[PDB]
>>> print(open('start_37.pdb').read())   # PDB, N, CA and C atoms
ATOM      1  N   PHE I   1      -4.497  -8.817 -25.182
ATOM      2  CA  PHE I   1      -4.828  -7.470 -24.746
ATOM      3  C   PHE I   1      -4.788  -6.515 -25.929
ATOM      4  N   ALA I   2      -5.740  -5.585 -25.949
ATOM      5  CA  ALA I   2      -5.824  -4.607 -27.020
ATOM      6  C   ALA I   2      -4.648  -3.635 -26.951
ATOM      7  N   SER I   3      -4.473  -2.875 -28.030
ATOM      8  CA  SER I   3      -3.359  -1.947 -28.120
ATOM      9  C   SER I   3      -3.575  -0.758 -27.185
ATOM     10  N   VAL I   4      -2.514   0.032 -27.013
ATOM     11  CA  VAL I   4      -2.552   1.123 -26.044
ATOM     12  C   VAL I   4      -3.472   2.245 -26.519
ATOM     13  N   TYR I   5      -3.438   2.577 -27.814
ATOM     14  CA  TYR I   5      -4.319   3.626 -28.317
ATOM     15  C   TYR I   5      -5.777   3.192 -28.338
ATOM     16  N   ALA I   6      -6.039   1.891 -28.266
ATOM     17  CA  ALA I   6      -7.379   1.316 -28.252
ATOM     18  C   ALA I   6      -7.542   0.433 -27.025
ATOM     19  N   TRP I   7      -7.167   0.980 -25.870
ATOM     20  CA  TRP I   7      -7.167   0.228 -24.622
ATOM     21  C   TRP I   7      -8.542  -0.359 -24.334
ATOM     22  N   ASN I   8      -8.554  -1.617 -23.901
ATOM     23  CA  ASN I   8      -9.803  -2.310 -23.623
ATOM     24  C   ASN I   8     -10.421  -1.772 -22.340
ATOM     25  N   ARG I   9     -11.704  -1.427 -22.406
ATOM     26  CA  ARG I   9     -12.438  -0.887 -21.271
ATOM     27  C   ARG I   9     -13.473  -1.902 -20.810
ATOM     28  N   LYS I  10     -13.481  -2.183 -19.510
ATOM     29  CA  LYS I  10     -14.397  -3.144 -18.915
ATOM     30  C   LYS I  10     -15.133  -2.494 -17.755
ATOM     31  N   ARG I  11     -16.429  -2.775 -17.659
ATOM     32  CA  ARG I  11     -17.274  -2.258 -16.591
ATOM     33  C   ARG I  11     -17.568  -3.375 -15.598
ATOM     34  N   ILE I  12     -17.358  -3.095 -14.314
ATOM     35  CA  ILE I  12     -17.585  -4.055 -13.242
ATOM     36  C   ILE I  12     -18.668  -3.489 -12.337
ATOM     37  N   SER I  13     -19.770  -4.225 -12.208
ATOM     38  CA  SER I  13     -20.909  -3.782 -11.419
ATOM     39  C   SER I  13     -21.707  -4.997 -10.970
ATOM     40  N   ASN I  14     -22.289  -4.889  -9.774
ATOM     41  CA  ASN I  14     -23.194  -5.898  -9.218
ATOM     42  C   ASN I  14     -22.506  -7.258  -9.076
ATOM     43  N   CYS I  15     -21.391  -7.259  -8.348
ATOM     44  CA  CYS I  15     -20.683  -8.495  -8.043
ATOM     45  C   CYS I  15     -19.760  -8.259  -6.857
ATOM     46  N   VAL I  16     -19.312  -9.359  -6.254
ATOM     47  CA  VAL I  16     -18.343  -9.323  -5.164
ATOM     48  C   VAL I  16     -16.955  -9.546  -5.749
ATOM     49  N   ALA I  17     -15.988  -8.747  -5.304
ATOM     50  CA  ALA I  17     -14.617  -8.818  -5.795
ATOM     51  C   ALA I  17     -13.672  -8.985  -4.615
ATOM     52  N   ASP I  18     -12.886 -10.058  -4.631
ATOM     53  CA  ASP I  18     -11.914 -10.330  -3.574
ATOM     54  C   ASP I  18     -10.577  -9.733  -3.995
ATOM     55  N   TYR I  19     -10.251  -8.565  -3.442
ATOM     56  CA  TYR I  19      -8.999  -7.894  -3.763
ATOM     57  C   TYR I  19      -7.811  -8.450  -2.991
ATOM     58  N   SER I  20      -8.051  -9.246  -1.946
ATOM     59  CA  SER I  20      -6.949  -9.789  -1.159
ATOM     60  C   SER I  20      -6.089 -10.734  -1.990
ATOM     61  N   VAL I  21      -6.727 -11.631  -2.744
ATOM     62  CA  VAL I  21      -5.975 -12.564  -3.578
ATOM     63  C   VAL I  21      -5.243 -11.817  -4.685
ATOM     64  N   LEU I  22      -5.865 -10.768  -5.227
ATOM     65  CA  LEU I  22      -5.214  -9.971  -6.260
ATOM     66  C   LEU I  22      -3.977  -9.266  -5.717
ATOM     67  N   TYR I  23      -4.073  -8.700  -4.512
ATOM     68  CA  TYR I  23      -2.925  -8.027  -3.916
ATOM     69  C   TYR I  23      -1.822  -9.015  -3.558
ATOM     70  N   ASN I  24      -2.190 -10.178  -3.017
ATOM     71  CA  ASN I  24      -1.195 -11.159  -2.598
ATOM     72  C   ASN I  24      -0.531 -11.872  -3.768
ATOM     73  N   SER I  25      -1.029 -11.692  -4.989
ATOM     74  CA  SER I  25      -0.415 -12.327  -6.146
ATOM     75  C   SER I  25       0.968 -11.738  -6.396
ATOM     76  N   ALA I  26       1.961 -12.611  -6.543
ATOM     77  CA  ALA I  26       3.341 -12.194  -6.755
ATOM     78  C   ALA I  26       3.706 -12.065  -8.227
ATOM     79  N   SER I  27       2.778 -12.362  -9.137
ATOM     80  CA  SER I  27       3.047 -12.259 -10.565
ATOM     81  C   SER I  27       3.063 -10.821 -11.064
ATOM     82  N   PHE I  28       2.660  -9.860 -10.238
ATOM     83  CA  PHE I  28       2.585  -8.463 -10.643
ATOM     84  C   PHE I  28       3.889  -7.761 -10.287
ATOM     85  N   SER I  29       4.586  -7.250 -11.304
ATOM     86  CA  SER I  29       5.850  -6.564 -11.062
ATOM     87  C   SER I  29       5.630  -5.204 -10.413
ATOM     88  N   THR I  30       4.664  -4.437 -10.913
ATOM     89  CA  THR I  30       4.373  -3.101 -10.413
ATOM     90  C   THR I  30       2.935  -3.058  -9.916
ATOM     91  N   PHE I  31       2.747  -2.565  -8.693
ATOM     92  CA  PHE I  31       1.429  -2.484  -8.070
ATOM     93  C   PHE I  31       1.370  -1.183  -7.281
ATOM     94  N   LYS I  32       0.671  -0.183  -7.816
ATOM     95  CA  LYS I  32       0.645   1.148  -7.219
ATOM     96  C   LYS I  32      -0.796   1.559  -6.959
ATOM     97  N   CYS I  33      -1.143   1.741  -5.688
ATOM     98  CA  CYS I  33      -2.462   2.214  -5.288
ATOM     99  C   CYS I  33      -2.327   3.591  -4.656
ATOM    100  N   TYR I  34      -3.138   4.539  -5.122
ATOM    101  CA  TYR I  34      -3.039   5.931  -4.701
ATOM    102  C   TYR I  34      -4.216   6.389  -3.853
ATOM    103  N   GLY I  35      -5.445   6.166  -4.320
ATOM    104  CA  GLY I  35      -6.601   6.707  -3.620
ATOM    105  C   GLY I  35      -6.773   6.133  -2.227
ATOM    106  N   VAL I  36      -6.670   4.809  -2.103
ATOM    107  CA  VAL I  36      -6.843   4.130  -0.827
ATOM    108  C   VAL I  36      -5.763   3.069  -0.673
ATOM    109  N   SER I  37      -5.541   2.666   0.574
ATOM    110  CA  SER I  37      -4.557   1.633   0.856
ATOM    111  C   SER I  37      -5.042   0.286   0.323
ATOM    112  N   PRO I  38      -4.149  -0.521  -0.255
ATOM    113  CA  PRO I  38      -4.572  -1.841  -0.755
ATOM    114  C   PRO I  38      -5.120  -2.753   0.328
ATOM    115  N   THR I  39      -4.644  -2.615   1.567
ATOM    116  CA  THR I  39      -5.112  -3.482   2.643
ATOM    117  C   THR I  39      -6.590  -3.256   2.940
ATOM    118  N   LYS I  40      -7.032  -1.999   2.933
ATOM    119  CA  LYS I  40      -8.393  -1.642   3.309
ATOM    120  C   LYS I  40      -9.352  -1.619   2.124
ATOM    121  N   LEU I  41      -8.999  -2.276   1.017
ATOM    122  CA  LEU I  41      -9.888  -2.307  -0.141
ATOM    123  C   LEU I  41     -11.183  -3.049   0.167
ATOM    124  N   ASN I  42     -11.098  -4.152   0.909
ATOM    125  CA  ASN I  42     -12.260  -5.000   1.145
ATOM    126  C   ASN I  42     -13.250  -4.405   2.139
ATOM    127  N   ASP I  43     -12.911  -3.294   2.795
ATOM    128  CA  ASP I  43     -13.794  -2.705   3.797
ATOM    129  C   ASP I  43     -14.761  -1.697   3.180
ATOM    130  N   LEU I  44     -14.232  -0.685   2.499
ATOM    131  CA  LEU I  44     -15.041   0.340   1.860
ATOM    132  C   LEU I  44     -15.091   0.105   0.356
ATOM    133  N   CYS I  45     -16.175   0.560  -0.268
ATOM    134  CA  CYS I  45     -16.356   0.323  -1.693
ATOM    135  C   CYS I  45     -17.332   1.324  -2.287
ATOM    136  N   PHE I  46     -17.235   1.479  -3.604
ATOM    137  CA  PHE I  46     -18.030   2.412  -4.386
ATOM    138  C   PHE I  46     -19.029   1.640  -5.245
ATOM    139  N   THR I  47     -19.751   2.371  -6.099
ATOM    140  CA  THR I  47     -20.855   1.752  -6.825
ATOM    141  C   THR I  47     -20.397   0.948  -8.039
ATOM    142  N   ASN I  48     -19.296   1.324  -8.693
ATOM    143  CA  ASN I  48     -18.863   0.551  -9.853
ATOM    144  C   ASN I  48     -17.363   0.704 -10.062
ATOM    145  N   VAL I  49     -16.823  -0.132 -10.950
ATOM    146  CA  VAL I  49     -15.396  -0.158 -11.250
ATOM    147  C   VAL I  49     -15.205  -0.107 -12.760
TER     148      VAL I  49
ATOM    149  N   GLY E   1      20.008  22.396  -1.791
ATOM    150  CA  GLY E   1      20.347  21.005  -2.005
ATOM    151  C   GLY E   1      19.332  20.010  -1.499
ATOM    152  N   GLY E   2      18.328  20.468  -0.755
ATOM    153  CA  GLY E   2      17.333  19.578  -0.192
ATOM    154  C   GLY E   2      17.749  19.036   1.159
ATOM    155  N   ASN E   3      16.896  19.205   2.165
ATOM    156  CA  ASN E   3      17.194  18.746   3.515
ATOM    157  C   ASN E   3      16.620  17.349   3.718
ATOM    158  N   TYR E   4      17.502  16.384   3.970
ATOM    159  CA  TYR E   4      17.108  15.008   4.237
ATOM    160  C   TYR E   4      17.206  14.657   5.715
ATOM    161  N   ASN E   5      17.536  15.629   6.567
ATOM    162  CA  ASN E   5      17.641  15.388   8.000
ATOM    163  C   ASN E   5      16.285  15.235   8.674
ATOM    164  N   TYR E   6      15.209  15.706   8.049
ATOM    165  CA  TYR E   6      13.873  15.641   8.625
ATOM    166  C   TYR E   6      13.194  14.362   8.154
ATOM    167  N   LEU E   7      12.983  13.430   9.079
ATOM    168  CA  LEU E   7      12.397  12.132   8.779
ATOM    169  C   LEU E   7      11.065  11.992   9.500
ATOM    170  N   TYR E   8      10.049  11.537   8.774
ATOM    171  CA  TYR E   8       8.720  11.353   9.335
ATOM    172  C   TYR E   8       8.217   9.952   9.020
ATOM    173  N   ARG E   9       7.380   9.437   9.915
ATOM    174  CA  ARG E   9       6.850   8.088   9.811
ATOM    175  C   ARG E   9       5.620   8.056   8.912
ATOM    176  N   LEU E  10       5.454   6.944   8.211
ATOM    177  CA  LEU E  10       4.300   6.732   7.346
ATOM    178  C   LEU E  10       3.567   5.435   7.647
ATOM    179  N   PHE E  11       4.289   4.367   7.975
ATOM    180  CA  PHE E  11       3.702   3.058   8.222
ATOM    181  C   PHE E  11       3.880   2.693   9.688
ATOM    182  N   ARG E  12       2.820   2.167  10.296
ATOM    183  CA  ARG E  12       2.882   1.694  11.669
ATOM    184  C   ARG E  12       1.852   0.592  11.859
ATOM    185  N   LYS E  13       2.151  -0.323  12.784
ATOM    186  CA  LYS E  13       1.242  -1.433  13.047
ATOM    187  C   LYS E  13      -0.080  -0.943  13.624
ATOM    188  N   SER E  14      -0.032   0.038  14.519
ATOM    189  CA  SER E  14      -1.233   0.568  15.151
ATOM    190  C   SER E  14      -1.065   2.074  15.319
ATOM    191  N   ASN E  15      -2.001   2.690  16.035
ATOM    192  CA  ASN E  15      -1.970   4.126  16.261
ATOM    193  C   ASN E  15      -1.042   4.458  17.428
ATOM    194  N   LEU E  16      -1.005   5.735  17.792
ATOM    195  CA  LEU E  16      -0.160   6.222  18.872
ATOM    196  C   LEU E  16      -1.016   6.759  20.009
ATOM    197  N   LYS E  17      -0.621   6.435  21.236
ATOM    198  CA  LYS E  17      -1.274   6.983  22.408
ATOM    199  C   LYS E  17      -0.966   8.474  22.518
ATOM    200  N   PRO E  18      -1.786   9.228  23.251
ATOM    201  CA  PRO E  18      -1.482  10.648  23.452
ATOM    202  C   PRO E  18      -0.122  10.833  24.110
ATOM    203  N   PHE E  19       0.627  11.819  23.612
ATOM    204  CA  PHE E  19       1.955  12.154  24.132
ATOM    205  C   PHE E  19       2.885  10.942  24.130
ATOM    206  N   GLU E  20       2.838  10.158  23.059
ATOM    207  CA  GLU E  20       3.666   8.970  22.922
ATOM    208  C   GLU E  20       4.854   9.258  22.012
ATOM    209  N   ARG E  21       5.928   8.499  22.212
ATOM    210  CA  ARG E  21       7.150   8.625  21.430
ATOM    211  C   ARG E  21       7.536   7.260  20.881
ATOM    212  N   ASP E  22       7.774   7.195  19.573
ATOM    213  CA  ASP E  22       8.215   5.974  18.913
ATOM    214  C   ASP E  22       9.466   6.282  18.106
ATOM    215  N   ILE E  23      10.501   5.460  18.276
ATOM    216  CA  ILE E  23      11.791   5.716  17.644
ATOM    217  C   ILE E  23      12.299   4.454  16.957
ATOM    218  N   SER E  24      11.595   3.340  17.146
ATOM    219  CA  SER E  24      12.040   2.066  16.596
ATOM    220  C   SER E  24      11.928   2.081  15.076
ATOM    221  N   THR E  25      13.064   1.924  14.398
ATOM    222  CA  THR E  25      13.101   1.887  12.937
ATOM    223  C   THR E  25      13.132   0.435  12.461
ATOM    224  N   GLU E  26      12.008  -0.241  12.663
ATOM    225  CA  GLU E  26      11.859  -1.640  12.294
ATOM    226  C   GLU E  26      11.226  -1.762  10.914
ATOM    227  N   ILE E  27      11.660  -2.778  10.167
ATOM    228  CA  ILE E  27      11.101  -3.032   8.846
ATOM    229  C   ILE E  27       9.631  -3.411   8.980
ATOM    230  N   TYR E  28       8.811  -2.914   8.059
ATOM    231  CA  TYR E  28       7.369  -3.110   8.096
ATOM    232  C   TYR E  28       6.961  -4.146   7.058
ATOM    233  N   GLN E  29       6.220  -5.160   7.498
ATOM    234  CA  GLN E  29       5.712  -6.203   6.610
ATOM    235  C   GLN E  29       4.327  -5.782   6.131
ATOM    236  N   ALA E  30       4.235  -5.388   4.863
ATOM    237  CA  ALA E  30       2.983  -4.905   4.295
ATOM    238  C   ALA E  30       2.130  -6.011   3.688
ATOM    239  N   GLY E  31       2.579  -7.263   3.732
ATOM    240  CA  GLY E  31       1.831  -8.342   3.120
ATOM    241  C   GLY E  31       1.802  -9.617   3.937
ATOM    242  N   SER E  32       1.266 -10.688   3.347
ATOM    243  CA  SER E  32       1.179 -11.962   4.056
ATOM    244  C   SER E  32       2.560 -12.549   4.318
ATOM    245  N   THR E  33       3.461 -12.453   3.346
ATOM    246  CA  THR E  33       4.789 -13.035   3.490
ATOM    247  C   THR E  33       5.643 -12.165   4.404
ATOM    248  N   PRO E  34       6.154 -12.695   5.512
ATOM    249  CA  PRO E  34       7.014 -11.889   6.385
ATOM    250  C   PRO E  34       8.315 -11.509   5.699
ATOM    251  N   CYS E  35       8.796 -10.306   6.020
ATOM    252  CA  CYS E  35      10.057  -9.834   5.460
ATOM    253  C   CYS E  35      11.261 -10.481   6.132
ATOM    254  N   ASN E  36      11.124 -10.872   7.401
ATOM    255  CA  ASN E  36      12.218 -11.464   8.174
ATOM    256  C   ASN E  36      13.446 -10.554   8.183
ATOM    257  N   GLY E  37      13.211  -9.253   8.329
ATOM    258  CA  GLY E  37      14.300  -8.297   8.352
ATOM    259  C   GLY E  37      14.968  -8.059   7.019
ATOM    260  N   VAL E  38      14.288  -8.352   5.914
ATOM    261  CA  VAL E  38      14.837  -8.182   4.575
ATOM    262  C   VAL E  38      13.921  -7.253   3.791
ATOM    263  N   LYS E  39      14.494  -6.187   3.239
ATOM    264  CA  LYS E  39      13.729  -5.273   2.404
ATOM    265  C   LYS E  39      13.354  -5.942   1.087
ATOM    266  N   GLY E  40      12.108  -5.742   0.666
ATOM    267  CA  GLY E  40      11.621  -6.337  -0.564
ATOM    268  C   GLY E  40      10.156  -6.047  -0.817
ATOM    269  N   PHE E  41       9.479  -6.944  -1.529
ATOM    270  CA  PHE E  41       8.056  -6.771  -1.784
ATOM    271  C   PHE E  41       7.269  -6.874  -0.485
ATOM    272  N   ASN E  42       6.274  -5.997  -0.338
ATOM    273  CA  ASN E  42       5.489  -5.870   0.890
ATOM    274  C   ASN E  42       6.372  -5.513   2.084
ATOM    275  N   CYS E  43       7.491  -4.840   1.820
ATOM    276  CA  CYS E  43       8.410  -4.394   2.861
ATOM    277  C   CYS E  43       8.829  -2.968   2.546
ATOM    278  N   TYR E  44       8.693  -2.076   3.525
ATOM    279  CA  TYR E  44       9.012  -0.670   3.342
ATOM    280  C   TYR E  44       9.670  -0.122   4.599
ATOM    281  N   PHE E  45      10.619   0.783   4.403
ATOM    282  CA  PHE E  45      11.233   1.470   5.533
ATOM    283  C   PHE E  45      10.242   2.481   6.094
ATOM    284  N   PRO E  46       9.895   2.406   7.380
ATOM    285  CA  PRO E  46       8.808   3.252   7.901
ATOM    286  C   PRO E  46       9.108   4.742   7.879
ATOM    287  N   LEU E  47      10.372   5.141   7.799
ATOM    288  CA  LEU E  47      10.747   6.548   7.819
ATOM    289  C   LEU E  47      10.980   7.050   6.400
ATOM    290  N   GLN E  48      10.571   8.291   6.144
ATOM    291  CA  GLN E  48      10.774   8.914   4.845
ATOM    292  C   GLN E  48      11.180  10.366   5.046
ATOM    293  N   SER E  49      11.960  10.884   4.103
ATOM    294  CA  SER E  49      12.526  12.219   4.215
ATOM    295  C   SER E  49      11.640  13.258   3.541
TER     296      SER E  49
END
>>> encode(input="start_37.pdb", output="structure tokens")
Amino acid sequence: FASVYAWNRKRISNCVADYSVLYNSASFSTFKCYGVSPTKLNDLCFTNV
Amino acid sequence: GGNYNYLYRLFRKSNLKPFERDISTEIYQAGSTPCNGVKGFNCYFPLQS
């Protein structure tokens, strides 16, 4: 992973993303979602990430 | 000093019927793994001050 002052930026567009497996992963110590609930991620979606 | 006597609900399994009352302070399982009455990951106290 790149350094903090040169944080790596990635564009996600035109693909399907399964957020359920990402949320259910226990390897993440901190997981904070603010805009929308993590459960309802797979229902509504925007144009890019 | 801050009033902590006022507690409001944030998490619930479903919605509330009109003129309904809920007082059960049960642990909420926010993930696939059941909490089994134990506070932890994907587990939150439904009441907040």
>>> residues_around(input="start_37.pdb", residues="residue E:42", least_positions_apart="5", cutoff="7 Å", atoms="all atoms listed in the file", output="list in words")
residues 28, 29, 30, 31, 32 and 35 of chain E
>>> interface_residues(input="start_37.pdb", of="chain I", to="chain E", cutoff="8 Å", atoms="only N, CA and C atoms", output="ChimeraX atom specification")
/I:23-24,39
>>> residues_around(input="start_37.pdb", residues="residue E:6", least_positions_apart="2", cutoff="7 Å", atoms="all atoms listed in the file", output="number ranges by chain")
E: 3-4, 8, 48-49
>>> atom_distance(input="start_37.pdb", atom1="atom CA of residue I:41", atom2="atom CA of residue I:20")
8.1 Å
>>> atom_distance(input="start_37.pdb", atom1="atom CA of residue I:14", atom2="atom CA of residue I:27")
27.0 Å
>>> atom_distance(input="start_37.pdb", atom1="atom N of residue I:47", atom2="atom CA of residue I:25")
24.3 Å
>>> closest_residue(input="start_37.pdb", among="I:28, I:8, I:37, I:42", to="residue E:11", atoms="only C-alpha atoms")
I:37
>>> select_by_dssp(input="start_37.pdb", residues="chain I", states="helix (DSSP H, G or I)", output="NGL selection string")
:I and (19-24 or 39-42)
>>> select_by_dssp(input="start_37.pdb", residues="chain E", states="strand (DSSP E)", output="list in words")
residues 8, 9, 28, 29, 43, 44, 47 and 48 of chain E
